[PDB]
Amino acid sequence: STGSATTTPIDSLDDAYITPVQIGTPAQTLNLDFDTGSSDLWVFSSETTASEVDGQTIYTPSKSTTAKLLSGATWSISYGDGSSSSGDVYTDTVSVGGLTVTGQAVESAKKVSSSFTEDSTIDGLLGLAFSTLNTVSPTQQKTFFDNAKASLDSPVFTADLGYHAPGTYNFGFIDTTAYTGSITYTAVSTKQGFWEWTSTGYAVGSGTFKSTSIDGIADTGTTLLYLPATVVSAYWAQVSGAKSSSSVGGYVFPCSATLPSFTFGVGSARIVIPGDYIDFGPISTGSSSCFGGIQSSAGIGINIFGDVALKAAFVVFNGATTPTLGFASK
């Protein structure tokens, strides 16, 4: 089997991408944030604290003839950014772009943090990291991809995120028309439960490539590109007037600037992030200071190849017995 679904930016800055997902019988369609940095499929629901719902579409398990309470199961997730959610668990039928999994754990939120409440366009998250990170207790549950994997034509999914435009998540096949040149594959460590890999280096604009190992995670659920402070300083030093602002929370730059590109290495291959992808617009309405799309990972504890990086590539998440990651230009 295969599935193919369009993913759409939630706003004019590509702050996140939402993908329609059918849950239950009859289908209830919710727009979920596909997150390769976590392993829980959770949704706003009829059980979510009323004051914590602000415009989201909710899953109502009582209206699904295929929903079953997973007796005694609870979940609770604390994301590294300080966001969180928790609740109980149903199993139900879940379909993405024509690919159907029966008995999928659907984690119904009773509580969500303010960040989620404020994101009216995101009805929940669909985790695509390794199932070892799933938070359901006392019986850990499998991700949608893990449940689908054996049935798929090939045990893979691909992320093709658009810049200021829709893109595509495919399951079970590689669309050879969706990228240019070749796909370069690189090793993955699953030791921390993430799609963790090692970039071979970077360049800023037309500058020379610096060969250096950068270990990080491919995370479709993170907006920005978080890299070591040395790398990030080297990038922003090429932008007149750019500076790190403790008050804003990262590097900002004059909105009048033209940003240089940023290149990252994948083996001997190179992915170029155009400068425009690194512009996140005014820090507040009407400001001439703009927020940067490349930020320091210092204090996160891991480097994160978020959407700013991933949207410059066609990315293969290969879930074979020994997982790997593939990157192509597009």
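The numbering used is simple: start at 1 and walk along the sequence shown. Take the two forms, find the largest set of C-alpha atoms that superpose within 1.5 Å, and that set is the rigid core.
Trainee: Once the rigid core is matched, which of the two stretches, 74-82 or 87-95, lies farther off on average in 9 other deposited structures of this protein by C-alpha?
Mentor: Higher average C-alpha offset in 9 other deposited structures of this protein goes to 74-82.
Trainee: Return whichever of 79-87 and 127-135 has the greater mean Cα B factor according to the PDB record.
Mentor: That would be 79-87.
Trainee: Of the two stretches 15-23 and 317-325, which shows the higher Cα B-factor on average in the entry?
Mentor: Looking at the recorded C-alpha B-factors, 317-325 comes out higher on average.
Trainee: Among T198, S206, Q104, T230, where is the Cα temperature factor highest, going by the PDB entry?
Mentor: Among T198, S206, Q104, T230, the PDB entry lists the largest C-alpha B-factor for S206.
Trainee: Out of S114, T168, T184, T223, whose C-alpha atom has the biggest B factor in the entry?
Mentor: In this record, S114 carries the highest C-alpha B-factor of the candidates.
Trainee: Taking the values exactly as deposited, rank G301 by C-alpha B-factor within its chain and report the matching third: lowest, middle or highest.
Mentor: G301: CA B-factor falls in the highest third of its chain.
Trainee: Just say lowest, middle or highest third for the CA B-factor of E52 relative to the other modelled residues in its chain.
Mentor: Its C-alpha B-factor, which the entry lists for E52, ranks in the highest third among residues of this chain.
Trainee: Lowest, middle or highest third: where is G293 by Cα B-factor in its chain?
Mentor: Its C-alpha B-factor belongs to the lowest third of this chain's values.
Trainee: Select lowest, middle or highest to describe the third in which the CA B-factor of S246 falls within its chain in this entry.
Mentor: Its C-alpha B-factor, which the entry lists for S246, ranks in the highest third among residues of this chain.
Trainee: Quick one: classify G267 as lowest, middle or highest third of the chain based on its Cα B-factor.
Mentor: Middle third by C-alpha B-factor.
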